[PDB]
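Working notes, beginning with the structure itself.
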Amino acid sequence: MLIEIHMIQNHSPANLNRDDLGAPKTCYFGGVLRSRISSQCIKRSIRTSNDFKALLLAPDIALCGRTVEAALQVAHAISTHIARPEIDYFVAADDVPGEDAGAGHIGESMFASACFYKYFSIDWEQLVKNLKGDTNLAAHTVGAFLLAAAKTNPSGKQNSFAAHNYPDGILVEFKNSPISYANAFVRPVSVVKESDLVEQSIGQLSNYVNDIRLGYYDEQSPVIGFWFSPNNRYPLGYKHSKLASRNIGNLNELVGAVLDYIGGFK
Amino acid sequence: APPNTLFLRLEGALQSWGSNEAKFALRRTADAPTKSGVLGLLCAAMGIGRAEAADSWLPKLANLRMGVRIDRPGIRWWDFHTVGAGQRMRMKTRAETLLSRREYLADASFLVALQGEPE
Amino acid sequence: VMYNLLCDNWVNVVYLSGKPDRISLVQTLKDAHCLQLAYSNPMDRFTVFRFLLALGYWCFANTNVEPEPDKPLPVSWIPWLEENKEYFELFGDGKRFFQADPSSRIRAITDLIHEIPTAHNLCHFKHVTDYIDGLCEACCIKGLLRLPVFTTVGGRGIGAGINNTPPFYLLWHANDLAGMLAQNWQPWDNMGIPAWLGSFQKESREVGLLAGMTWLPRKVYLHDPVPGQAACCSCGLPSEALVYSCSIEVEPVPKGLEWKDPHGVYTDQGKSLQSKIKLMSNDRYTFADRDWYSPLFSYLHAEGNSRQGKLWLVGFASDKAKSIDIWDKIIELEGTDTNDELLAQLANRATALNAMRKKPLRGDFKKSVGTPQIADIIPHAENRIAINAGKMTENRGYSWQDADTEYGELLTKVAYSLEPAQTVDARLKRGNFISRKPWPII
Amino acid sequence: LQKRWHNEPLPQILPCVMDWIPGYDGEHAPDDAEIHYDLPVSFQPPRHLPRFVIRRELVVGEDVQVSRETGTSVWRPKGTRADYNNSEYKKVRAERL
Ligand SMILES: [Zn+2]
């Protein structure tokens, strides 16, 4: 069996990932241009976090990489809407007066705000064979990664923009065949006065999950999923024949529920 | 009339079937799924390791006949990729950064037909 | 352990009946009408074909049998190759092929392979260490047949080969080895002394054909085979007789020497024009890949034209003692001699794209990056244009203004992101943004 | 061929890239057949061999029928409804009164 985490996270205007020219990294989807965060950036920011390291054959070598093959799988963070890069015109100042009101430096930097969709995958069999039959430590490191990935962000240009946002929707599912839900945002999300950017993204995710539940995923095997938003801020498919098996309003409760499903450990 | 061929749907947001002409820090790609790539996908789906693949599984599965139909060509998108930034790199070691540029296919879909033995 | 290459199966071939094989040299000369050279690295393919061309030149010189088009094989070459068995010899003392006197400078045998990292080269794409991995004898001959065309500078006290930095290499193509040889057949005046003879005491102002086309810029002496059980880390073939070390020595190239490879491309000053690819996209360079457009001016201006044919166009790019990239591209041509203004403009496409990307909408000077989002869509449009390189070069169905439409669809999607408002003014700036077409200038 | 959103157009000529088949009679491949280098043997010391590959094309509609998209839409917040004639509300108001 396989565990899959889908994540919706809006960010304040910043530049969390750059390239050789300073522009935010982008990609192409749905016929339009979307903002992107490269997968290795997310994996590095998760791995080298001090709070993560102070929390938990080594558990990081078992989960991540160094034939030791990692059970972790981080996909590129596509955006659920058309990218909107912007230029900020900065001017440096001199504290010493001169013959004119010169600057000292003149230039332009780039920034962009986006609502990213993140996909994660953990192979339970590879994880338990990596630690030679141990299960409690496997559940412990799964929970540690869940808290870390829920409470971390890249450090790119964070001394000037400080985009320390938090996720607004998490969906943890158990199934065999790996399918991601990037096809939900093939149509880019366009805002309306009666909703938010996060609300419409979560609703479109719910619509895609409903459509695929009515389709391929027959009664061969049930699919167990858990949906989390802080203090039940956003519902994924209100009623809708219980598209999500649970609705959670605290990170600890979701971590405990996933742990109790995977092994019943606490 | 038992079935004799298997169909693969290869469609994702980002795809990269690497080509033979990379050989260096310019990781290129091919326009279509290569035979070795889909063979490795099959062997990973069957739980066969790299060492175990070279004895019987790859010679057995190399006799099939393969054809790929293009549903969406996709767009080739590059990615600046640094390794070992703020950390040392292997070979003793060195405090240095490795630069590379990877290539992916974006918004592409392929259909793979692999005709062979019904079993 | 002698391992004569005339009888041992070392060259990897593919038969036109779909059967791959690993065959010898005599069999290659016998069935050059029904085989093709099978090598993943284009560099290895080019240098192997160069070695077969050199052997054909020597065989024609000493047998006086000129090869004919659309023929299986010029006869009596195989007995003549058999009369010289003692020369093309590997380890076992005596005369040794492409192998000079042993010395004290000992390096790992992977020194002569560019792709495999060694000697403070970072290992991230091939996990190996020096004096731990080994090479089979076929890969040893493959590495030995690389110095005169694909060597680079070293550190302090080590220079480069007879070609200075490795330039572009251009030559013709066919459907099989015999047709390839016949299409690429061109005898010279001064054959000279080939390096497999042994007498390297040239000391002459003029360099002969076989003297220079086999001009090894290093003195090497590879060691004896070592028993073991591993796989060669260049081809992966499971073998037990792996060699693990060699000895090297640098032979400096004397200045005031004239030697022109009849497959290369030179600048206006004869400065060994090199493929200009990188991986950084700096101020003076914008990454667009596939540097095929550069050497089709100098090669198509001095005796490199045969009207019809297929251009093979091996491209190896490096900067000082650091290999960057290697690629290849065939180009189909029929003739149709054209002017030089469009040829010169097409040959300078690298700086035309860099002017497109580096154009901002504000008043800063040249210390700027311009619009970086154009640089992301430039490689795809360049690759899509590159499908018709023959028509672009011959200018019979393609043109610069014909190719400007390929950016038109790509630039429509970028404008929706740079000017995302729904006002009239934003629509106007989006309309002006699609007009950004590259300008040819030299 | 499965279609995305209703406005989206479709490619008109679909290229197929297929392995060349000798048939034991046409022992020599045509000149358009090109060599790709993706026939594997091992993976840890990765080894490949070439193969002759040909490229043909298909016409959509004649060869592949365009499939129809599943029931889906862009998510919109529920604008509710409105109906008083409804008898259930006509009795709910009586209960309230
Ligand atoms: Zn080898």
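For the structure tokens, the naming scheme is as follows: chains receive sequential letters (A, B, ...) according to their order of presentation, residues are indexed from 1 within each chain, and ligands are indexed from 1 in presentation order.
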
Output as an mmCIF file with C-alpha atoms, in the first residue's frame the set of chain D residues within 8 Å of chain B, with distances taken over only C-alpha atoms.
```cif
data_model
loop_
_atom_site.group_PDB
_atom_site.id
_atom_site.type_symbol
_atom_site.label_atom_id
_atom_site.label_comp_id
_atom_site.auth_asym_id
_atom_site.auth_seq_id
_atom_site.Cartn_x
_atom_site.Cartn_y
_atom_site.Cartn_z
ATOM 1 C CA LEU D 1 -8.607 9.994 -27.567
ATOM 2 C CA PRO D 11 -4.185 17.660 -32.611
ATOM 3 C CA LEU D 14 -1.027 12.020 -34.248
ATOM 4 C CA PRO D 15 2.519 10.695 -34.786
ATOM 5 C CA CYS D 16 3.189 7.071 -33.923
ATOM 6 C CA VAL D 17 6.751 5.906 -33.271
ATOM 7 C CA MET D 18 6.962 2.137 -33.618
ATOM 8 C CA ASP D 19 9.619 -0.557 -33.743
ATOM 9 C CA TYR D 37 19.900 3.494 -28.315
ATOM 10 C CA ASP D 38 17.390 2.189 -25.772
ATOM 11 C CA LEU D 39 17.647 -1.601 -25.732
ATOM 12 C CA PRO D 40 18.655 -2.398 -22.127
ATOM 13 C CA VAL D 41 20.593 -5.274 -20.591
ATOM 14 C CA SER D 42 21.417 -4.240 -17.017
ATOM 15 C CA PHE D 43 20.697 -1.294 -14.740
ATOM 16 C CA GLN D 44 23.465 -1.114 -12.146
#
```

* Could you give me the residues within 8 Å of ligand 1, counting only C-alpha atoms and all ligand atoms, as an MDAnalysis selection string? => chainID C and resid 135:140 231:237

* atom CA of residue 78 of chain D to atom CA of residue 182 of chain A, distance in Å rounded to a single decimal -> 23.6 Å

* Asked: segment 75-91 of chain B: which residues within 8 Å, counting only C-alpha atoms, same-chain residues fewer than 6 positions away excluded, as an NGL selection string?
  -> (:A and (19-20 or 25 or 27-28)) or (:B and (97-108)) or (:C and (120-124 or 376-377 or 379-380))

* Asked: What residues in chain A lie within 7 Å of chain D, counting only C-alpha atoms, written as a ChimeraX atom specification?
  -> /A:200,203-204,207,211

* Residues at most 10 Å from residue 252 of chain A, counting only C-alpha atoms, excluding those fewer than 5 positions away in the same chain, as a PyMOL selection string? -> chain A and resi 143+146-147+257-258

* To do: Write out as an MDAnalysis selection string every residue belonging to chain C that has an atom at most 10 Å from any atom of chain D, counting only C-alpha atoms.
  => chainID C and resid 12:21 34 37:40 174:175 230:238

Could those residues be written to a file, using N, CA, C and O atoms, as a short mmCIF file (atom, residue, chain, number, x, y, z; two decimals), in the first residue's frame?
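Wrote part_15.cif, looks like this:
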```cif
data_model
loop_
_atom_site.label_atom_id
_atom_site.label_comp_id
_atom_site.auth_asym_id
_atom_site.auth_seq_id
_atom_site.Cartn_x
_atom_site.Cartn_y
_atom_site.Cartn_z
N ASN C 12 31.88 -2.61 -31.53
CA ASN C 12 30.47 -2.93 -31.35
C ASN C 12 29.70 -2.45 -32.58
O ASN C 12 29.70 -1.25 -32.89
N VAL C 13 29.04 -3.38 -33.27
CA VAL C 13 28.36 -3.08 -34.52
C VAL C 13 26.90 -3.49 -34.41
O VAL C 13 26.50 -4.25 -33.53
N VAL C 14 26.10 -2.96 -35.33
CA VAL C 14 24.71 -3.37 -35.50
C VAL C 14 24.50 -3.77 -36.95
O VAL C 14 24.92 -3.06 -37.87
N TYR C 15 23.91 -4.94 -37.16
CA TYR C 15 23.61 -5.41 -38.50
C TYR C 15 22.25 -4.88 -38.94
O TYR C 15 21.37 -4.64 -38.12
N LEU C 16 22.10 -4.71 -40.25
CA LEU C 16 20.85 -4.17 -40.78
C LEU C 16 19.69 -5.14 -40.69
O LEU C 16 18.55 -4.74 -40.94
N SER C 17 19.94 -6.40 -40.33
CA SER C 17 18.89 -7.35 -40.02
C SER C 17 18.46 -7.29 -38.55
O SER C 17 17.81 -8.22 -38.07
N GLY C 18 18.81 -6.22 -37.85
CA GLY C 18 18.39 -6.03 -36.47
C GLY C 18 19.20 -6.78 -35.44
O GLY C 18 18.81 -6.79 -34.26
N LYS C 19 20.31 -7.41 -35.82
CA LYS C 19 21.09 -8.21 -34.89
C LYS C 19 22.32 -7.43 -34.45
O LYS C 19 23.23 -7.23 -35.27
N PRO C 20 22.40 -6.99 -33.20
CA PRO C 20 23.64 -6.37 -32.72
C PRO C 20 24.73 -7.40 -32.51
O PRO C 20 24.47 -8.60 -32.37
N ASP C 21 25.98 -6.93 -32.50
CA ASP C 21 27.11 -7.84 -32.37
C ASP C 21 28.32 -7.07 -31.87
O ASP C 21 28.36 -5.84 -31.91
N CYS C 34 27.20 -4.19 -44.88
CA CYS C 34 26.03 -4.72 -44.19
C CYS C 34 26.11 -4.52 -42.68
O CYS C 34 25.61 -5.35 -41.92
N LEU C 37 28.28 1.22 -37.32
CA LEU C 37 28.95 1.37 -36.03
C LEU C 37 27.93 1.78 -34.97
O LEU C 37 27.19 2.75 -35.15
N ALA C 38 27.90 1.04 -33.87
CA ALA C 38 26.91 1.23 -32.81
C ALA C 38 27.62 1.73 -31.56
O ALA C 38 28.22 0.95 -30.82
N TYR C 39 27.56 3.04 -31.33
CA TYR C 39 28.14 3.64 -30.14
C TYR C 39 27.20 4.71 -29.61
O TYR C 39 26.69 5.53 -30.38
N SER C 40 26.96 4.69 -28.30
CA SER C 40 26.06 5.67 -27.70
C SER C 40 26.67 7.06 -27.74
O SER C 40 26.01 8.03 -28.14
N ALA C 174 25.99 8.14 -44.31
CA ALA C 174 25.39 7.21 -45.27
C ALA C 174 24.58 6.18 -44.49
O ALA C 174 24.34 6.34 -43.28
N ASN C 175 24.15 5.13 -45.17
CA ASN C 175 23.35 4.08 -44.56
C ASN C 175 24.17 2.89 -44.08
O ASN C 175 23.62 2.03 -43.38
N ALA C 230 34.03 -8.03 -12.05
CA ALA C 230 33.32 -6.75 -12.00
C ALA C 230 32.75 -6.47 -13.39
O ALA C 230 32.67 -7.36 -14.23
N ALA C 231 32.35 -5.22 -13.62
CA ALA C 231 31.87 -4.77 -14.91
C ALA C 231 32.55 -3.47 -15.28
O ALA C 231 32.81 -2.63 -14.42
N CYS C 232 32.85 -3.31 -16.57
CA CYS C 232 33.50 -2.10 -17.05
C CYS C 232 32.55 -0.91 -16.92
O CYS C 232 31.41 -0.96 -17.38
N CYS C 233 33.03 0.16 -16.29
CA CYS C 233 32.19 1.33 -16.06
C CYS C 233 32.23 2.31 -17.24
O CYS C 233 32.34 3.52 -17.07
N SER C 234 32.11 1.77 -18.44
CA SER C 234 31.79 2.54 -19.64
C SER C 234 30.78 1.85 -20.54
O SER C 234 30.11 2.54 -21.32
N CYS C 235 30.65 0.53 -20.46
CA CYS C 235 29.71 -0.23 -21.27
C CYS C 235 28.92 -1.25 -20.47
O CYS C 235 27.87 -1.69 -20.95
N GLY C 236 29.37 -1.65 -19.28
CA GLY C 236 28.61 -2.54 -18.43
C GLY C 236 28.68 -4.00 -18.78
O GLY C 236 27.97 -4.80 -18.16
N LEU C 237 29.51 -4.39 -19.75
CA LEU C 237 29.61 -5.79 -20.13
C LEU C 237 30.30 -6.58 -19.02
O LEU C 237 31.39 -6.19 -18.57
N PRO C 238 29.71 -7.68 -18.55
CA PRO C 238 30.35 -8.46 -17.47
C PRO C 238 31.58 -9.21 -17.95
O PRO C 238 31.49 -10.15 -18.74
#
```

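Within 7 Å of chain C, and counting only C-alpha atoms, chain A contributes residues 20, 21, 23, 32, 33, 82, 83, 84 and 85 of chain A.
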
Those residues with C-alpha atoms, as a PDB file, in the first residue's frame please?
```
ATOM      1  CA  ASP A  20      20.293  31.853 -12.948  1.00  0.00           C
ATOM      2  CA  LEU A  21      18.632  35.235 -13.620  1.00  0.00           C
ATOM      3  CA  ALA A  23      13.234  35.115 -11.737  1.00  0.00           C
ATOM      4  CA  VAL A  32      -0.921  28.554 -19.458  1.00  0.00           C
ATOM      5  CA  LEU A  33       2.190  29.428 -17.446  1.00  0.00           C
ATOM      6  CA  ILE A  82      -1.816  31.515 -13.902  1.00  0.00           C
ATOM      7  CA  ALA A  83       1.540  32.871 -12.728  1.00  0.00           C
ATOM      8  CA  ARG A  84       1.811  36.602 -12.006  1.00  0.00           C
ATOM      9  CA  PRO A  85       5.452  37.692 -11.721  1.00  0.00           C
TER      10      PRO A  85
END
```
